[PDB]
Every structure is written in structure tokens, then in C-alpha cells.
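First up is the structure itself, then whatever we jot down about it.
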Number of protein chains: 4
Amino acid sequence: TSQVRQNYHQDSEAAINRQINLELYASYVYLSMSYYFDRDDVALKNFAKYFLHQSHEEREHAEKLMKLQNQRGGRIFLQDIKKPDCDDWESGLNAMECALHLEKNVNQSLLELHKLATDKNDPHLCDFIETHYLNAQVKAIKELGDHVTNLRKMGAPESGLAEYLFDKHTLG
Amino acid sequence: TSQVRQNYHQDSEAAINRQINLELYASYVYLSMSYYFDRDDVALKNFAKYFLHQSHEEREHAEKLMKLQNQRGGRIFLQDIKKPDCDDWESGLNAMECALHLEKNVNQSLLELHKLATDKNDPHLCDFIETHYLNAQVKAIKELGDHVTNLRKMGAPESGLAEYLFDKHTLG
Amino acid sequence: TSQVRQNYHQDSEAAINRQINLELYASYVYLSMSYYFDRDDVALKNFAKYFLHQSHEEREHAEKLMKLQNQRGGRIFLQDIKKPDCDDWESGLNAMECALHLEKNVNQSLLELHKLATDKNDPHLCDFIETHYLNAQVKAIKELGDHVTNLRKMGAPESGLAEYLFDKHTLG
Amino acid sequence: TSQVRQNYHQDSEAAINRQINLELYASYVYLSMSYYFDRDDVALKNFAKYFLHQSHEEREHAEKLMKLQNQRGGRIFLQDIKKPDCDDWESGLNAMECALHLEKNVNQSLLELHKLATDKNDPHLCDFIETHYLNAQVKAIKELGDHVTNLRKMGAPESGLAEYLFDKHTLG
Ligand SMILES: [Mg+2]
Ligand SMILES: [Mg+2]
Ligand SMILES: [Mg+2]
Ligand SMILES: [Mg+2]
Ligand SMILES: [Mg+2]
Ligand SMILES: [Mg+2]
Ligand SMILES: [Mg+2]
Ligand SMILES: [Mg+2]
Ligand SMILES: [Mg+2]
Ligand SMILES: [Mg+2]
Ligand SMILES: [Mg+2]
Ligand SMILES: [Mg+2]
Ligand SMILES: [Mg+2]
Ligand SMILES: [Mg+2]
Ligand SMILES: [Mg+2]
Ligand SMILES: [Mg+2]
Ligand SMILES: [Mg+2]
Ligand SMILES: [Mg+2]
Ligand SMILES: [Mg+2]
Ligand SMILES: [Mg+2]
Ligand SMILES: [Mg+2]
Ligand SMILES: [Mg+2]
Ligand SMILES: [Mg+2]
Ligand SMILES: [Mg+2]
Ligand SMILES: [Mg+2]
Ligand SMILES: [Mg+2]
Ligand SMILES: [Mg+2]
Ligand SMILES: [Mg+2]
Ligand SMILES: [Mg+2]
């Protein structure tokens, strides 16, 4: 048993490992989305940049959880990072909707993680989740919601013009 | 025979002269396209600027091949530069599609040139083509492909609005 | 078929997708190694920093291959990123030896990729591999070899002092 | 009763006074450790500096709790600050191990304090503990764990060389 470990339940340790995998998975989804918009037959460079940045952010979220695992004296256990559900993301709007769904899924995982930390009376872990993750998710979800709304109102995905102009004005 | 010449096949020499002509021809095509968009009844100033820059770049590509010819001890032999196939380029989209076709043609000529250089075991010439031309063509072809895609998705050439907005957002 | 595609064999396309997966896998291995040295019972902070940087570099290598795939008009197809072979990397020396083995494996994959590109007479792809990958691998392999040598000569892995001092002088 | 007091249980008030004493006690332990390494027959100047800084930090932690007591309308009640358990700390490693034990003890007191604040439904006090103390303890405990690990691996306390080099490379 680790010399630093204190008030850190084995269940929380495992949950943090699961969250690490989910963060890496989200990174992979955004990476895939990014390069979809880099295709010569899609060619929306700011969608590509937007999702690539989101991908790098998710890798940062994973790293911070790996740091936390070690901080508390838990042991990191990695699993395969699953390929994203889709190869062809269809359109700017569809990618945004998939991103919204991903972020809400990640948020639900974090809320379950927080419930466990609360159940195990781990206020350090509760504070960690709240501080670094919960509002970050709420902000990300609000942003994607805003984006989906604008694309829909502008006439996407039918209007190729709409996705083009959104790429320039919102993501540019 | 030139005091500098070494491992430079007469076939490669002739192929380099042919490539020089093709580069000058591409310069001429882009020059013609440029001023088409400068017409008062077309009036897309950023299309005009975009193609003029492309025209100057092609002249640079020709000059570098003339430099190479002399570097290797070959002798430059120039031919007439043919006028472009078209006087009226129709629309922004059509010009972009013609540019894409030109660049793919130039690329095929360069790949044939590379095949010959390989056949004649001329690694200096192979490296020259690879370094200065091959990725330049791949980048140019990708860019034009991206442009054609956006114009099509935006509704060109029917939508005069589409070509106008593309002129401002992508080429501006 | 892609409007930009030219001289790009389907076999090369698939090989590039396989290489993308391998680059992401290498990123994952280095990420795992990094946090191993961040454990309170290992606690070599410069080993951790060194491998984390290597991990980020591998993600850059993957992204550039995804860019290339689109540049040539191929289509990206992602697969699961396998977890690294090891959870516990044992020691600084052992991690370095595993890194050396990984880089030599990645190098062999790149040489096979180059052989295919040569077989299919794709000089753009040959140049791409040579320019961005081949010397990078040779440099990485030489560096890891140097590191393994120093750690061995210093008395690792038995000498805890040796790994400590190497962490400070070579990786610091 | 204080004009500012609101939702502040008498039990929490007393617990905060106990925590103030513990913070001052920790300050005293680190002060004693510091000057042990300043002895002419120990003479590790960076161990001395490291612990002196830790001592000043603990005094800051005590002051912030005294501030909090007044903020909430509680009344500060001070008790004797007990001398540290040891006069002679034996070695760099032993001092680090004693520091680790102290910080884990202080952490347990803070977790008990948080449990009480939770029991009394005092979210301001919960947030105060989480914000200013809980992660600070986790970080301190991780650091000391790392230090103990390195000293052990380097051969301390038998190796006088090990403590000397650690003093220079880690604490310098
Ligand atoms: Mg998992
Ligand atoms: Mg984000
Ligand atoms: Mg995340
Ligand atoms: Mg599957
Ligand atoms: Mg999806
Ligand atoms: Mg709370
Ligand atoms: Mg909080
Ligand atoms: Mg916050
Ligand atoms: Mg504007
Ligand atoms: Mg000719
Ligand atoms: Mg050009
Ligand atoms: Mg040219
Ligand atoms: Mg004629
Ligand atoms: Mg034409
Ligand atoms: Mg190059
Ligand atoms: Mg507009
Ligand atoms: Mg694969
Ligand atoms: Mg590297
Ligand atoms: Mg690599
Ligand atoms: Mg497996
Ligand atoms: Mg391995
Ligand atoms: Mg090079
Ligand atoms: Mg007391
Ligand atoms: Mg401290
Ligand atoms: Mg304290
Ligand atoms: Mg006493
Ligand atoms: Mg003690
Ligand atoms: Mg905090
Ligand atoms: Mg030194």
C-alpha cells in the first residue's frame, strides 16, 4: 500500500481509471472529427481547427486525472482507446451534435464519479472534480448547444452556404 | 561538352527544357485568369489577386528550372509559350476547376520527369524534383480542391452571392 | 474518387492508415511510461517529463500522417489504440530499453512503408517519409541507445543512485 | 452572540480552534527540523532551508484559520504549542519520514473537520477547507513521499553521500 494513500477508496481509484480512458476516448473522437473537416471534399478549415483544439484539451484532461491518481497513491491502469463510433461525420452540424452528445456523456460519467466520491466521503476528490471538470463540462455543453442552434437556424446541413459562413464567423 | 556536366543524361536535359515551357505556360494561364476577374462585368478583385500571385509563382518555378539546367551543364532551349485554352473563364468556380486540372497536369509531367531521372539513376535530379516541386504540387492541388468544394457547396456558379462571399472570406 | 487523388495507390493509402495507428500507439506508450515515473514510489520527475514530451511528439507525428492522407486524397480510417504492453515499467533503464525497442519497431514500419511507396513509384510519398520520419527515427534511436548505455555504465537498475543522477544530469 | 455569526455551529468553532493549534504545532516541528540540519555535525543547508520554508508556510495556515474564525464570528482560543516529539531527527531521510507522518496526521484532522462541517451543513466552511487546505495537504504528502522514495533509493541514511547529493539536486 502506497505511503501517500489516505481516505482514497479502491472504488474511487477504479472510477478514476475509467474516467482516464473516457477522456482519452473523447480526445480521439475530436481528433477524428477534426480531420474529417480537413478532407478536400469537406474543406472547412475552422471546423478542423476547432475540433483539433478540443482534442488537445481532452488529452490535458486525461493527463490531469493521471496526475491525480498518483497524487492520491492510486495506480494507473490503462485500457485500449476505442475508435470513434463514426468514420464519416456527415456535416458540420452533425459533428457538433455528436460533440454535444459526447460531452453530455462525459458529464454524466463525472457526475457518477462525484456521487461515488461523496458516498465514500472523499472531499478532496469531490473538490477536484468540481474545480477542474464540472464547470468545464457545463461550459463546453453550453457552447456546443449554442453552435448547434446557430447552424440549425442558418439552414444547415442542407445549406452549404450556412456551414461555410459559420466556419468563418463563429469558428474563425 | 560542359566542364560541369556529370551524370546528366541528354534525355533528362530535354525533359527539363519541356518542363520549363510547361511552367511558363502555367504562368500564362494564371495571368489570363487573373485579369478575367478584373473585368468590370466579373469584378471579383480577390480572385484576380489570387491568380496573379499564382502566375508569379509559376514564373519562379520556371526560373528555378532554368537555373538547374545551367547548374548541371545542360543547355536551355526555349519554345513558344502557348496562349491559354480559354479567353472567357465563365465563373470563379470554372476558373478554379481549370486551375485544378492544370496543376494535376503539371504534376503528371513532374512525375514523368522523376521517373526518367530514376531510370537514368540521377539522384541529384530526383532530389531536386522532390524538394522543390512534388510537395508544392500536392499542396497546390489540395488547395484548389478545397476551393472548388467550397464554391460548389456555397451554390456556385449560379449563386452570384456565393462567388462574392468566397472572394471576401477565403481569398480575402 | 477524390478530385485531388493522383498517383496514390490504394495499398499506400491503407499503409498510411496503419502507420497513423502505430504513431498513436507510440504516443500512448510514452504517456504510460511518463506517469510511471510520476508515481510516489518511483519519483523521477525528469524521466516523467522526458517521456511526456516524447508522447506529445508522437501525437504530432500521427497528425501529420492524417494531414498527408487528406492531402493525397486518401480517406482516414482509424482503429482502436491498443494499451501499452506493460503497466509497471520496472525502472528507468527498463523504460528506456522499451522505448528503444518501440522506436526500432516504428522505424521498421516506416521502412516497409517506404518500400511500398518505392514499389508503387510514389516519389512524393517517398520524400514525405524521408523528410519527416526517417531521420527523426534514426535520431530518436541513437538518443535512446545513448541513454541505455549511460544508465548501464552508471550501474542501473540496481543503483538507485544511478537513475537519480541520470534523471538530474541527462534529463534535467 | 456575534452580529456576523450565521450557520456556524459551536462544534465547528471549537474544531477550528483545535486546528489552529495543530497548524502552529506543525510550524514548530518544521522549525526544529530546520535547525537540526544547520548543526555543524549535520550540515545540510538545503534541508535546513526546505524545512524552514515549510515552517513559515504552516504559520500562514494557522493565521488563515484565525482569520476564518473571526470571519464567521467565532472566538479564537489558543492553547500551548507542544514541543516536537524529537530533539535529534537522526538523518535527512528520518526527518522526511517524520514530516510525511505529520502531514498525514494534519490531513486526517482536516478530513475530520470537513466531516463535521458536512454534518452541520456548513457549506462555506466545507468550501474553505477544500479550497485552502485539502489539496495543499495532498500536494505536500505527495512531495514528501517522493522525497522519502528518492532518499531510500539513493541509499540513505547509511550513504552520507546520498543525503549530500539529494540536498544539492532536489532541495537546491
Ligand atoms: Mg476503462
Ligand atoms: Mg473543451
Ligand atoms: Mg474531458
Ligand atoms: Mg470496435
Ligand atoms: Mg458519435
Ligand atoms: Mg461539497
Ligand atoms: Mg469547491
Ligand atoms: Mg470553479
Ligand atoms: Mg466578415
Ligand atoms: Mg517545349
Ligand atoms: Mg502555386
Ligand atoms: Mg509550377
Ligand atoms: Mg494555337
Ligand atoms: Mg483550361
Ligand atoms: Mg520537402
Ligand atoms: Mg458574410
Ligand atoms: Mg491499424
Ligand atoms: Mg521523439
Ligand atoms: Mg513517431
Ligand atoms: Mg488487449
Ligand atoms: Mg514495451
Ligand atoms: Mg532531412
Ligand atoms: Mg487545542
Ligand atoms: Mg507545505
Ligand atoms: Mg498546515
Ligand atoms: Mg511535554
Ligand atoms: Mg515526529
Ligand atoms: Mg483548489
Ligand atoms: Mg550539478
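Chains: A, B, ... in order of the C-alpha cells. Residues: from 1 per chain. Ligands: from 1, in order shown.
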Rotate and translate chain C onto chain B via least squares on all in-order Cα pairs, then write the result as a PDB file with C-alpha atoms, in the first residue's frame.
ATOM      1  CA  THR C   1      30.618  19.170 -73.609  1.00  0.00           C
ATOM      2  CA  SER C   2      30.218  21.295 -70.456  1.00  0.00           C
ATOM      3  CA  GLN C   3      33.061  21.246 -67.886  1.00  0.00           C
ATOM      4  CA  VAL C   4      30.496  20.863 -65.091  1.00  0.00           C
ATOM      5  CA  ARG C   5      28.342  18.114 -66.591  1.00  0.00           C
ATOM      6  CA  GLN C   6      28.291  14.848 -64.661  1.00  0.00           C
ATOM      7  CA  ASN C   7      25.701  12.043 -64.579  1.00  0.00           C
ATOM      8  CA  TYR C   8      23.238  14.222 -66.524  1.00  0.00           C
ATOM      9  CA  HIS C   9      21.552  12.310 -69.324  1.00  0.00           C
ATOM     10  CA  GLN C  10      20.634  14.082 -72.583  1.00  0.00           C
ATOM     11  CA  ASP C  11      17.106  12.759 -72.112  1.00  0.00           C
ATOM     12  CA  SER C  12      16.872  14.491 -68.715  1.00  0.00           C
ATOM     13  CA  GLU C  13      18.218  17.716 -70.228  1.00  0.00           C
ATOM     14  CA  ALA C  14      15.436  17.681 -72.848  1.00  0.00           C
ATOM     15  CA  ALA C  15      12.786  16.807 -70.265  1.00  0.00           C
ATOM     16  CA  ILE C  16      13.880  19.774 -68.145  1.00  0.00           C
ATOM     17  CA  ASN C  17      13.517  22.059 -71.170  1.00  0.00           C
ATOM     18  CA  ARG C  18       9.995  20.711 -71.710  1.00  0.00           C
ATOM     19  CA  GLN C  19       9.177  21.316 -68.047  1.00  0.00           C
ATOM     20  CA  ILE C  20      10.440  24.906 -68.301  1.00  0.00           C
ATOM     21  CA  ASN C  21       7.957  25.522 -71.115  1.00  0.00           C
ATOM     22  CA  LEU C  22       5.120  23.979 -69.111  1.00  0.00           C
ATOM     23  CA  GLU C  23       5.903  26.162 -66.085  1.00  0.00           C
ATOM     24  CA  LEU C  24       5.833  29.300 -68.282  1.00  0.00           C
ATOM     25  CA  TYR C  25       2.594  28.086 -69.824  1.00  0.00           C
ATOM     26  CA  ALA C  26       1.045  27.690 -66.355  1.00  0.00           C
ATOM     27  CA  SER C  27       2.211  31.207 -65.542  1.00  0.00           C
ATOM     28  CA  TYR C  28       0.384  32.433 -68.649  1.00  0.00           C
ATOM     29  CA  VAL C  29      -2.827  30.590 -67.786  1.00  0.00           C
ATOM     30  CA  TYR C  30      -2.950  32.124 -64.337  1.00  0.00           C
ATOM     31  CA  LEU C  31      -2.180  35.565 -65.753  1.00  0.00           C
ATOM     32  CA  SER C  32      -5.149  35.250 -68.113  1.00  0.00           C
ATOM     33  CA  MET C  33      -7.434  34.006 -65.324  1.00  0.00           C
ATOM     34  CA  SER C  34      -6.324  36.865 -63.110  1.00  0.00           C
ATOM     35  CA  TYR C  35      -7.394  39.613 -65.485  1.00  0.00           C
ATOM     36  CA  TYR C  36     -10.629  37.866 -66.302  1.00  0.00           C
ATOM     37  CA  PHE C  37     -11.717  38.633 -62.694  1.00  0.00           C
ATOM     38  CA  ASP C  38     -10.572  42.221 -63.157  1.00  0.00           C
ATOM     39  CA  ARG C  39     -13.216  42.725 -65.885  1.00  0.00           C
ATOM     40  CA  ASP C  40     -15.916  45.259 -64.958  1.00  0.00           C
ATOM     41  CA  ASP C  41     -18.548  42.586 -65.652  1.00  0.00           C
ATOM     42  CA  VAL C  42     -16.918  39.992 -63.391  1.00  0.00           C
ATOM     43  CA  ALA C  43     -15.331  42.229 -60.773  1.00  0.00           C
ATOM     44  CA  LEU C  44     -14.013  39.776 -58.187  1.00  0.00           C
ATOM     45  CA  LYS C  45     -10.842  41.507 -57.015  1.00  0.00           C
ATOM     46  CA  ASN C  46      -9.585  38.761 -54.721  1.00  0.00           C
ATOM     47  CA  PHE C  47      -9.932  36.076 -57.361  1.00  0.00           C
ATOM     48  CA  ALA C  48      -7.869  38.419 -59.536  1.00  0.00           C
ATOM     49  CA  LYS C  49      -5.208  38.853 -56.826  1.00  0.00           C
ATOM     50  CA  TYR C  50      -5.153  35.101 -56.054  1.00  0.00           C
ATOM     51  CA  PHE C  51      -4.498  34.057 -59.645  1.00  0.00           C
ATOM     52  CA  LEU C  52      -1.974  36.854 -60.243  1.00  0.00           C
ATOM     53  CA  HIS C  53       0.056  35.602 -57.299  1.00  0.00           C
ATOM     54  CA  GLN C  54      -0.186  32.061 -58.661  1.00  0.00           C
ATOM     55  CA  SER C  55       1.047  33.387 -62.000  1.00  0.00           C
ATOM     56  CA  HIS C  56       4.114  34.970 -60.416  1.00  0.00           C
ATOM     57  CA  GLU C  57       4.828  31.756 -58.520  1.00  0.00           C
ATOM     58  CA  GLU C  58       4.840  29.772 -61.778  1.00  0.00           C
ATOM     59  CA  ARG C  59       7.386  32.164 -63.243  1.00  0.00           C
ATOM     60  CA  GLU C  60       9.567  31.457 -60.192  1.00  0.00           C
ATOM     61  CA  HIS C  61       9.195  27.702 -60.836  1.00  0.00           C
ATOM     62  CA  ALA C  62      10.326  28.204 -64.422  1.00  0.00           C
ATOM     63  CA  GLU C  63      13.337  30.280 -63.386  1.00  0.00           C
ATOM     64  CA  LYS C  64      14.467  27.636 -60.904  1.00  0.00           C
ATOM     65  CA  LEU C  65      14.379  25.004 -63.643  1.00  0.00           C
ATOM     66  CA  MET C  66      16.448  27.270 -65.887  1.00  0.00           C
ATOM     67  CA  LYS C  67      18.912  27.655 -63.019  1.00  0.00           C
ATOM     68  CA  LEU C  68      19.005  23.850 -62.622  1.00  0.00           C
ATOM     69  CA  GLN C  69      19.634  23.319 -66.329  1.00  0.00           C
ATOM     70  CA  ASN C  70      22.741  25.511 -66.129  1.00  0.00           C
ATOM     71  CA  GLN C  71      23.806  24.052 -62.785  1.00  0.00           C
ATOM     72  CA  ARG C  72      24.010  20.575 -64.339  1.00  0.00           C
ATOM     73  CA  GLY C  73      25.680  21.806 -67.520  1.00  0.00           C
ATOM     74  CA  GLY C  74      22.669  21.337 -69.783  1.00  0.00           C
ATOM     75  CA  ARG C  75      21.673  23.965 -72.337  1.00  0.00           C
ATOM     76  CA  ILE C  76      18.396  25.866 -72.133  1.00  0.00           C
ATOM     77  CA  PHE C  77      16.210  25.665 -75.207  1.00  0.00           C
ATOM     78  CA  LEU C  78      13.052  27.734 -75.143  1.00  0.00           C
ATOM     79  CA  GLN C  79       9.876  27.286 -77.214  1.00  0.00           C
ATOM     80  CA  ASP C  80       6.772  29.442 -77.799  1.00  0.00           C
ATOM     81  CA  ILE C  81       4.517  29.821 -74.773  1.00  0.00           C
ATOM     82  CA  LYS C  82       1.072  28.759 -75.961  1.00  0.00           C
ATOM     83  CA  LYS C  83      -1.881  31.015 -75.173  1.00  0.00           C
ATOM     84  CA  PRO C  84      -4.262  29.549 -72.596  1.00  0.00           C
ATOM     85  CA  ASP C  85      -7.067  27.276 -73.893  1.00  0.00           C
ATOM     86  CA  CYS C  86      -9.755  29.790 -72.846  1.00  0.00           C
ATOM     87  CA  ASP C  87     -10.383  33.523 -73.246  1.00  0.00           C
ATOM     88  CA  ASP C  88     -13.527  33.619 -71.086  1.00  0.00           C
ATOM     89  CA  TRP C  89     -13.237  31.592 -67.875  1.00  0.00           C
ATOM     90  CA  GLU C  90     -17.016  31.720 -67.198  1.00  0.00           C
ATOM     91  CA  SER C  91     -17.075  31.969 -63.393  1.00  0.00           C
ATOM     92  CA  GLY C  92     -14.987  31.739 -60.224  1.00  0.00           C
ATOM     93  CA  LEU C  93     -15.777  28.037 -59.894  1.00  0.00           C
ATOM     94  CA  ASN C  94     -14.907  27.276 -63.501  1.00  0.00           C
ATOM     95  CA  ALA C  95     -11.564  29.053 -63.202  1.00  0.00           C
ATOM     96  CA  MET C  96     -10.767  27.090 -60.029  1.00  0.00           C
ATOM     97  CA  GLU C  97     -11.660  23.834 -61.804  1.00  0.00           C
ATOM     98  CA  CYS C  98      -9.422  24.764 -64.727  1.00  0.00           C
ATOM     99  CA  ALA C  99      -6.630  25.596 -62.276  1.00  0.00           C
ATOM    100  CA  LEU C 100      -7.063  22.210 -60.576  1.00  0.00           C
ATOM    101  CA  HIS C 101      -6.828  20.467 -63.946  1.00  0.00           C
ATOM    102  CA  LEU C 102      -3.709  22.492 -64.874  1.00  0.00           C
ATOM    103  CA  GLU C 103      -1.955  21.669 -61.616  1.00  0.00           C
ATOM    104  CA  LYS C 104      -2.719  17.960 -61.949  1.00  0.00           C
ATOM    105  CA  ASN C 105      -1.350  18.097 -65.498  1.00  0.00           C
ATOM    106  CA  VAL C 106       1.812  19.830 -64.302  1.00  0.00           C
ATOM    107  CA  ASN C 107       2.093  17.243 -61.545  1.00  0.00           C
ATOM    108  CA  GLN C 108       1.860  14.383 -64.037  1.00  0.00           C
ATOM    109  CA  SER C 109       4.642  15.963 -66.083  1.00  0.00           C
ATOM    110  CA  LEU C 110       6.810  16.201 -62.952  1.00  0.00           C
ATOM    111  CA  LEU C 111       6.143  12.569 -62.034  1.00  0.00           C
ATOM    112  CA  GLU C 112       7.150  11.524 -65.560  1.00  0.00           C
ATOM    113  CA  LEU C 113      10.258  13.672 -65.170  1.00  0.00           C
ATOM    114  CA  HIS C 114      11.000  11.941 -61.861  1.00  0.00           C
ATOM    115  CA  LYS C 115      10.511   8.504 -63.434  1.00  0.00           C
ATOM    116  CA  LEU C 116      13.083   9.407 -66.104  1.00  0.00           C
ATOM    117  CA  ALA C 117      15.547  10.760 -63.542  1.00  0.00           C
ATOM    118  CA  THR C 118      15.092   7.478 -61.622  1.00  0.00           C
ATOM    119  CA  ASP C 119      15.536   5.445 -64.835  1.00  0.00           C
ATOM    120  CA  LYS C 120      18.772   7.299 -65.538  1.00  0.00           C
ATOM    121  CA  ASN C 121      19.959   6.919 -61.920  1.00  0.00           C
ATOM    122  CA  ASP C 122      20.176  10.683 -61.341  1.00  0.00           C
ATOM    123  CA  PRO C 123      19.615  11.094 -57.607  1.00  0.00           C
ATOM    124  CA  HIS C 124      20.505  14.807 -57.633  1.00  0.00           C
ATOM    125  CA  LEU C 125      17.732  15.453 -60.116  1.00  0.00           C
ATOM    126  CA  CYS C 126      15.335  13.194 -58.225  1.00  0.00           C
ATOM    127  CA  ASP C 127      16.026  15.158 -55.038  1.00  0.00           C
ATOM    128  CA  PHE C 128      15.623  18.466 -56.881  1.00  0.00           C
ATOM    129  CA  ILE C 129      12.186  17.492 -58.181  1.00  0.00           C
ATOM    130  CA  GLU C 130      11.072  16.121 -54.812  1.00  0.00           C
ATOM    131  CA  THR C 131      12.401  19.081 -52.817  1.00  0.00           C
ATOM    132  CA  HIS C 132      11.200  21.969 -54.956  1.00  0.00           C
ATOM    133  CA  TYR C 133       8.259  20.622 -56.934  1.00  0.00           C
ATOM    134  CA  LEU C 134       6.454  17.485 -55.791  1.00  0.00           C
ATOM    135  CA  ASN C 135       5.044  18.629 -52.440  1.00  0.00           C
ATOM    136  CA  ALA C 136       4.438  22.093 -53.878  1.00  0.00           C
ATOM    137  CA  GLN C 137       2.118  20.463 -56.422  1.00  0.00           C
ATOM    138  CA  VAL C 138       0.382  18.307 -53.822  1.00  0.00           C
ATOM    139  CA  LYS C 139      -0.231  21.390 -51.705  1.00  0.00           C
ATOM    140  CA  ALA C 140      -1.498  23.412 -54.693  1.00  0.00           C
ATOM    141  CA  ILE C 141      -3.791  20.606 -55.797  1.00  0.00           C
ATOM    142  CA  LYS C 142      -5.218  20.179 -52.291  1.00  0.00           C
ATOM    143  CA  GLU C 143      -5.862  23.942 -52.021  1.00  0.00           C
ATOM    144  CA  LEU C 144      -7.673  24.141 -55.355  1.00  0.00           C
ATOM    145  CA  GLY C 145      -9.659  21.045 -54.465  1.00  0.00           C
ATOM    146  CA  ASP C 146     -10.697  22.717 -51.213  1.00  0.00           C
ATOM    147  CA  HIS C 147     -11.675  25.872 -53.115  1.00  0.00           C
ATOM    148  CA  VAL C 148     -13.770  24.028 -55.716  1.00  0.00           C
ATOM    149  CA  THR C 149     -15.516  22.140 -52.919  1.00  0.00           C
ATOM    150  CA  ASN C 150     -16.436  25.303 -51.022  1.00  0.00           C
ATOM    151  CA  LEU C 151     -17.669  27.108 -54.120  1.00  0.00           C
ATOM    152  CA  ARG C 152     -19.834  24.120 -55.074  1.00  0.00           C
ATOM    153  CA  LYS C 153     -21.267  23.765 -51.575  1.00  0.00           C
ATOM    154  CA  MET C 154     -21.981  27.512 -51.421  1.00  0.00           C
ATOM    155  CA  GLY C 155     -24.059  27.265 -54.594  1.00  0.00           C
ATOM    156  CA  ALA C 156     -21.705  28.458 -57.342  1.00  0.00           C
ATOM    157  CA  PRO C 157     -21.719  29.247 -60.184  1.00  0.00           C
ATOM    158  CA  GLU C 158     -25.445  30.017 -60.203  1.00  0.00           C
ATOM    159  CA  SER C 159     -25.254  31.913 -56.899  1.00  0.00           C
ATOM    160  CA  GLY C 160     -23.515  35.195 -57.672  1.00  0.00           C
ATOM    161  CA  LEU C 161     -23.695  35.764 -53.921  1.00  0.00           C
ATOM    162  CA  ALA C 162     -21.622  32.622 -53.324  1.00  0.00           C
ATOM    163  CA  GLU C 163     -18.716  33.685 -55.502  1.00  0.00           C
ATOM    164  CA  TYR C 164     -18.878  37.168 -53.972  1.00  0.00           C
ATOM    165  CA  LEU C 165     -18.716  35.874 -50.387  1.00  0.00           C
ATOM    166  CA  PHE C 166     -15.961  33.357 -51.209  1.00  0.00           C
ATOM    167  CA  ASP C 167     -13.939  36.158 -52.781  1.00  0.00           C
ATOM    168  CA  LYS C 168     -14.190  38.031 -49.466  1.00  0.00           C
ATOM    169  CA  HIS C 169     -13.830  35.249 -46.879  1.00  0.00           C
ATOM    170  CA  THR C 170     -11.479  32.724 -48.473  1.00  0.00           C
ATOM    171  CA  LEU C 171      -9.423  34.768 -50.923  1.00  0.00           C
ATOM    172  CA  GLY C 172      -9.517  37.966 -48.869  1.00  0.00           C
TER     173      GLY C 172
END
Running DSSP on the backbone, which parts of chain B land in helix (DSSP H, G or I), as number ranges by chain?
B: 10-36, 45-72, 92-119, 123-154, 160-169
Tell me, in Å to one decimal, how far atom 1 (Mg, counted along the ligand's line) of ligand 1 is from atom 1 (Mg, counted along the ligand's line) of ligand 19.
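So the answer is 24.9 Å.
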